[PDB]
Amino acid sequence: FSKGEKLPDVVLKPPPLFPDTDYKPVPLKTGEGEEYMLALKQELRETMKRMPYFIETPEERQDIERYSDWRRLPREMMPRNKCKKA
Amino acid sequence: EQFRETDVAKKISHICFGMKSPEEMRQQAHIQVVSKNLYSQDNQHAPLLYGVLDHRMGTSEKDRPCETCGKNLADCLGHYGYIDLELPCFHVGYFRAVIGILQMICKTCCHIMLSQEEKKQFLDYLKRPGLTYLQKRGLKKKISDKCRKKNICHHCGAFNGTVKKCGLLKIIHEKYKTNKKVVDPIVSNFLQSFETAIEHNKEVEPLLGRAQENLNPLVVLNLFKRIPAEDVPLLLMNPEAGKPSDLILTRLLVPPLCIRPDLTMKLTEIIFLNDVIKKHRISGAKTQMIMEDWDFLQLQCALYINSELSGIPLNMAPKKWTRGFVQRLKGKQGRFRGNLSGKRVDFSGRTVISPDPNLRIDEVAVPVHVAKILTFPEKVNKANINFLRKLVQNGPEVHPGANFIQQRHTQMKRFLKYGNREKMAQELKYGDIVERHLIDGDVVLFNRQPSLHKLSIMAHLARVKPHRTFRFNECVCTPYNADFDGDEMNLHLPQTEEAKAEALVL
Amino acid sequence: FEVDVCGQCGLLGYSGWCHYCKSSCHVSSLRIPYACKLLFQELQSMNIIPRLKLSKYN
Amino acid sequence: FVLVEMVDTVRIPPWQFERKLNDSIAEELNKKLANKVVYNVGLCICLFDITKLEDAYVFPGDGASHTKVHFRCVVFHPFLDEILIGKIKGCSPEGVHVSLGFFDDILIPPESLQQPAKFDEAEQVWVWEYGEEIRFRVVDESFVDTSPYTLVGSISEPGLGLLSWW
Amino acid sequence: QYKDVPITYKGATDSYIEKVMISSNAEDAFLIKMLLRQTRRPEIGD
Amino acid sequence: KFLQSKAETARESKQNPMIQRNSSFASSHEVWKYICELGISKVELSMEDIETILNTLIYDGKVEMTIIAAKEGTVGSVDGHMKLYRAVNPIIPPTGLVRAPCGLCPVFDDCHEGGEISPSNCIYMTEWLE
Amino acid sequence: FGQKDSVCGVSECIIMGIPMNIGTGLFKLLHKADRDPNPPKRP
Amino acid sequence: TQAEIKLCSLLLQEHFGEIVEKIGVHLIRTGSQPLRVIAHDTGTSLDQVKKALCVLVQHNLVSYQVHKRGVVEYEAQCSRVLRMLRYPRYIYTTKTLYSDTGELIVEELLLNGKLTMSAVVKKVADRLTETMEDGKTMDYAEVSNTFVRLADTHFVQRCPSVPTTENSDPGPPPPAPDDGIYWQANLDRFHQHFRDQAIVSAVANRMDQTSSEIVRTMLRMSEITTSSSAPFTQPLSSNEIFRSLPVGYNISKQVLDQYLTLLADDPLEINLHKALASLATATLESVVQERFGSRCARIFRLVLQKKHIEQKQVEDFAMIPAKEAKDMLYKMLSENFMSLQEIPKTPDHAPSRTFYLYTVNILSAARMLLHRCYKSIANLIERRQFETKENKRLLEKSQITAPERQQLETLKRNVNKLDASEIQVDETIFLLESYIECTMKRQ
RNA sequence: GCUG
DNA sequence: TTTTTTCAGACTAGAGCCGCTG
DNA sequence: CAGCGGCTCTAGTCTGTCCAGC
Ligand code: SF4
Ligand SMILES: [Mg+2]
Ligand SMILES: [Zn+2]
Ligand SMILES: [Zn+2]
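Residues numbered from 1 in each chain as written, not as in the entry; some residues may be left out. Chains lettered and ligands numbered in written order. Part of a larger assembly, values for the part shown. Heavy atoms only, no water. Residues with missing side-chain atoms left out of burial classes, pairs and counts.

What the entry reports as its method is cryo-EM, with 3.6 Å given for the resolution.

Naming follows the PDB entry, where chain H appears as DNA-directed RNA polymerase III subunit RPC3 of Homo sapiens. The deposited PDB record carries the title "human Pol III pre-termination complex". Its UniProt record, at the heading Subcellular location, says of chain H: "Nucleus". (UniProt positions renumbered as here; feature names shortened; annotations may be inferred.)

Looking at the PDB entry, chain C carries the name DNA-directed RNA polymerase III subunit RPC2, with the source organism given as Homo sapiens.

Here it is as structure tokens:
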């Protein structure tokens, strides 16, 4: 009867908690790159597209997308600075 | 407007036996019976509380409705509830399987101890398309054989020795055995550096050599948690059905109240035990006391799954015999034989059997009393309309009469005696069902209870006679092995046209 | 007796809904001896899950 | 309008065994799929043809005959490129209600795109001035069952000019 | 407060009350005992 | 015998000479004190009303063996009876920290998906995000 | 094991209330009622 | 390790796509599986499986080899897929150890998987010039200078020779002159270098500033002569230590020699076995400090002192009361930190025994917390998966009422608080996984 | 316990 | 603290055993 | 001279013992 009242608690609150957003200063550098590459990995060639949308669409028609200085000089050096195995 | 929603029914193609993860149990449970160790009958007027009888998991009394739905005892299915075990415990059903996984996996890094070359051969065997249940049991014995034969590991070199089910619900593993060969330094340091323990306990110094890892539910939980996904197939577990961790118990689904109109008493004891250990930890209780409480809670959970549990400790032996879940599915009175293979059946009668040489071999004389009680449902079909109306007029008391009428639109049955029979006869329309009394020419199945061959059930045509006794021709008594020295035989009336025809033809 | 079974899970439900994969869409009716419904419930309570696959009659 | 190939298991009760199947299935399938929107499909209307009817089983219970029926039924589903012609069966201040003539009064146009004299001010003003045409724009259907409408449309009216009527 | 809980005869054939004895048991509790008599002639199946 | 005592009152008193540390310069070996800590233990610490003015080394050393578990210096040469090298050094934390709000909750560990404790709507990350 | 059993034999079809494949169940039944796969309409 | 597979489902979902995750994560779940068997079990058409494996072999997540049947069984290495989580951290230490040019070198090497020299120098000649001043064009020769400069310290290693099996097709993997040869990044060299930052921060934040630098210059001159499987570093003399000191220091040889015999003799102990073994316990201790306060952390360090001496001293050796202590033991037991009673030798009796002694086992408490930290980043990403699809209406409005904008800055406060917190738990993985790899023989 |  | 109250039965581990098997 | 392979062995243990009818 001592516990026969309700679900123990909606949540259990721990009197001690997390410290902070630890290592605060320097992960501004990594933290933007977290969002930088994710902006570029999604907009990459190495991804797949929902061709199941286009086989789902029987409404295909014209006028819609569904229907539609490197300044450098030559050189050649091939180094074996790396392993000679496998 | 309104969408097109189809209404239809389906058949069971393949039962896939599986388990449920402790998170998956909570998903199907509607409430948490973490409530009272009290019975839940409230202090005044016997109403339900928030615990085991929560009426949110069903109703076992017709008057009180359930809380998930407004359905009454008849219309409700069942709803489930959960009890969160404070210290993890083993399931006695899966315990031998648990000892097997520990022998198969490395106690330290947890990968099955099957050589990389050996693993490839076995994995292909599993890939073979026709793996019947028989083949799978076979591989486990073989894979297990190689592993119990692998004291070292191809993964980390951790030394994994013998897991041997010591005691009841206890698993014991070597790790640090003592041998005539020079002892390894790590084991020697473990057994020689506890000087204070040797000083405090005199018995420890002579027995200092003996010391093996004891695998308790808490260690098993972590080890089973860390087995690789790749290595769950070679443990011969279907990963979709279950995974190694679900073998150890964290939450128990409390049964729907429909399935329990002594199991409930066991649940209250388990709830009380869960409260005692939790209070003891806050109070500050010795580990041996906490382990004894853990053992008592483990025993109560096992007594819930399998009541007899041979090997019970003397101190915690059960006060009374209780029927836990195994003792409900086992035995002649058990659900499998008592309620599934053989079932009590309606539309049947048992009377003493007497001789009648004047009856054809295909006929049985049925007492007029049994004929009035036993009824066959006949649908008005344009050829029986005149005959049915006359029997409706005769009503329940007269022998060529009916005891109920069901209209085509509704499943409601109107008793002929209480109402006006003449009006119902006129109202009769094609497609309504009249439960006429058994009449001459009906097909009944006759059965002698000590049935030993095919001929103990035989059909018979039924011809009602005044005397009370099932009288048949005496030529057909050696198939029944029935003499008339006080014998009684059973009559069954098939209630479908498809069943009637199979009985007459076959 | 008639029980409501879900297509995805394989677990019995109530009134065309499953409190498990809270999506009514897959619930379908079945005819079963009521005793079997008790066995499936007692199995599910004891952790043996009798998952059911439903196929339309053809 | 579009044809939709569908497959159904149609149960003929045994007191209809006089009539031919392909007619007596068609009388059932009209009672199964009329005035009913099918989710992601459209508003079924009637039966076009029965393209393939396969063999009439009879199951161990019912005694009826269950023929699996392949058929084609015409449904209502605008193609997101149709200029329809309906009637204003209602005017709400948030947007007008047009109805196709005795078809479905469930097309609800939002009105934000016609010429900058646009308001419905609750005294049934259609449009502040400068059969009714409609451009059906999106498909939008909501499956109803949720516990123990449904093809609504959004309908536009661009700069058509509407030479005959404003 | 009182809900009737009657003792009702349930015999497929009529019986005649022969003796009705009213007494008190070890703890006085108004035990009432009735003897019902039925006479049966030999019939087919005896 | 002294169970009616709070050594948590005395743990700061055996800590505050090891926080200040005059001459953190590395001019020499800086072989650091354990005997002066026994010296400050015997005559007078920081001020506190103390009933056990009797000074035994067997009742005073025990506050150290708790405070080693509270990250303070190890024992160097306590093998001598009263006076030997006895090297000590207060250990500053060798790491930073490593946790998060979700590392704190035991019951919230259960979830695994959107369920009754699904992390798509937990209270704890909602509290942490303000 | 994740044992997927089909429901066959008689000791399971009697338990699951599904007609057995033995005896009468081996052969299915068809209706000879007036039917044909008909021609469609021109669209 | 199901929570590990929970992340590989999450990591591929955010980076490439969904079917490259699905065919990817199934291959983690069923292993050495042929091309036709994968397309039949996942229910995926064979044209999409050939593309999905093509992207997966490019980023070096799925490795192929045939043994007997003449049919190639693809196989995905699990622990490589989680290294995508460390990807922006792999960028940053190439900015501390190399310039912005070489930092972009390891970036597009991590992004596009397999690269030749003739491509990756051509790409950074586009990206670095478009951010620099037009007319002040960055000359590509300095890129080729810093390209090899990465390779002499062996931060970039080449791909193993291609099997060129008949089933494998050469044309599909390259994305469309000179051929050249391909390479990935040597992320294993980073796991040395990330460990090099780990030990130098372990000494500097414990011993002294001058103690850590001689550890750094010891390890900076022991880079090529060791590997990650080295049980400890190559042994050095103290005379080349005085040669390899940086020019910022001015310390005399004999005073640092006193610090050299000081640093050699510690409880910490360069013993690379003991270094990760001591750093892992501080990671454990910083979790009980995070979770159960300093009082339970005080008894957590007590069991690391004595192996099997417990419950007859732990009420004495920390002086905290018996009520308050024994809830800390059972909470360390129930969360699997305190490990267990592996000393009971009386036969089959919970009540009557030789008294169960607690004992921490460092690896079972390690593998759990690694499994916990794998579970942790599942709850991080899924929240950032949650808060994204709602707010898409107002991201393109900038491309707006007062609660509309206020939801965005509470979103961008949230995502940046989530994404920063994916990395702070990531440093706990490597600090513990390198300890896991250091105690694992035959791998 | 007895009938079957 | 002190009795038994059917009769097999073909599985499952251990205990060895001796001898070749290296 | 040493080891692990199968043996081989005793007991150990859980598992049944007709249908139902009052
Ligand atoms: S968010 Fe998910 S994981 Fe993090 S705490 Fe709440 S529940 Fe546990
Ligand atoms: Mg007889
Ligand atoms: Zn209900
Ligand atoms: Zn469901």
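Colleague: Go over the overall build of chain H, please, and point to the residues and values.
Modeller: Of the regular secondary structure elements, chain H holds 20 helices and four strands. In terms of its C-alpha atoms, chain H occupies a principal-axis envelope of roughly 75 × 65 × 65 Å. (Helix = DSSP H or I, 4+ residues; strand = E, 2+ residues; numbered from the N terminus.)

Colleague: I'd like a rundown of unusual backbone geometry, residues and numbers included.
Modeller: In this model, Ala-86 of chain A sits at a positive phi of 55°, which is unusual for a non-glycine residue. Mapped onto the elements, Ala-86 of chain A comes out in the segment after α2 (51–56). The phi dihedral of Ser-15 of chain C is positive, around 55°, even though this residue is not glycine. For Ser-15 of chain C, the location among the structural elements is in the loop between β2 (12–13) and β3 (27–31).

Colleague: Please give an account of the coordination of the magnesium ion (ligand 2) that cites residues and values.
Modeller: Ideal values differ by geometry: the angle at a metal is 109.5 degrees with four tetrahedral donors, but 90 or 180 degrees with six octahedral donors. All names here are of chain B. Protein coordination at the magnesium ion (ligand 2): the donors are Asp-483 (OD), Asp-485 (OD) and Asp-487 (OD), at 2.2 to 2.8 Å from the metal. Sequence spacing of the donor residues for the magnesium ion (ligand 2), all on one chain, is D-x1-D-x1-D. Assessed through its relative accessible area of 39%, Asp-483 is described here as partly exposed. Look at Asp-487 and you get buried, because its relative accessible area is 11%. (Donors = N, O, S within 2.8 Å, 3.2 Å for Na, K, Ca; no water. Buried < 20%, exposed > 50% of the residue type's maximum accessible area, 1.4 Å probe, protein only.)

Colleague: Describe in detail the sheet that holds strand β7 (residues 83–86) of chain D, supporting the description with residues and values.
Modeller: Residue and element names in this part refer to chain D. As summarised here, the arrangement of the three strands in space is β7-β10-β11, forming an open sheet in which the pairing is antiparallel. Where the open sheet ends on each side, the last strands, each with one partner, are β7 and β11 (154–156). The sheet shows a mean angle of 50° between the axes of neighbouring strands, taken without regard to direction. Pairing analysis gives four bridges linking β7 to strand β10 (residues 132–138), with the strands arranged antiparallel. Considered in β10, the bridge of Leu-84 is made with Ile-134. (Pairing = 2+ DSSP bridges. Axes fitted to C-alpha atoms, helices over the stretch in contact; angles between N-to-C directions.)

Colleague: Tell me about the packing of aromatic side chains, and name the residues and values.
Modeller: Any two aromatic rings considered together are summarised by their centre-to-centre distance and by the angle between their planes. Using the criterion set out here, one finds 34 aromatic pairs over all chains in the structure. With centroids separated by 5.6 Å and ring planes inclined at 90°, the aromatic side chains of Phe-446 of chain B and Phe-470 of chain B adopt a geometry described as edge-to-face. Placement of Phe-446 of chain B in strand β15 (residues 442–447) and of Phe-470 of chain B in strand β17 (residues 470–472) is noted, with a sequence separation of 24 residues between them. A relative accessible area of 0% places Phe-446 of chain B in the buried class. On the basis of an interplanar angle of 40° and a centroid distance of 5.9 Å, the ring pair of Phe-147 of chain H and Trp-183 of chain H is categorised as tilted. The pair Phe-147 of chain H / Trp-183 of chain H is uniform in exposure class, with both members buried. In textbook terms, an aromatic cluster arises when at least three aromatic residues are bridged by ring pairs, as seen for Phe-446, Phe-470, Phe-472, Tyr-480 and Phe-484 of chain B. Its guanidinium or amino end placed over the ring of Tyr-50 of chain B, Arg-56 of chain B lies 4.1 Å from that ring's centre, counting from NZ or CZ. (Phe/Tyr/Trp six-rings, centres within 6.5 Å; stacked < 30°, edge-to-face > 60°. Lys NZ or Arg CZ within 6 Å of the ring centre and 35° of its normal.)

Colleague: Quick rundown of the sheet that holds strand β3 (residues 14–18) of chain B? Include the residues and the values.
Modeller: Here we have three strands laid out as an open sheet, ordered β4(C)-β3(B)-β1(G), and antiparallel in their pairing. Of all the strands in the sheet, just β4 (49–51) of chain C together with β1 (4–6) of chain G have a single pairing partner and so form its edges. For this sheet the average axis-to-axis angle between neighbouring strands, irrespective of direction, equals 25°. Looking at chain direction, β3 of chain B and β1 of chain G are connected through three bridges and run antiparallel.

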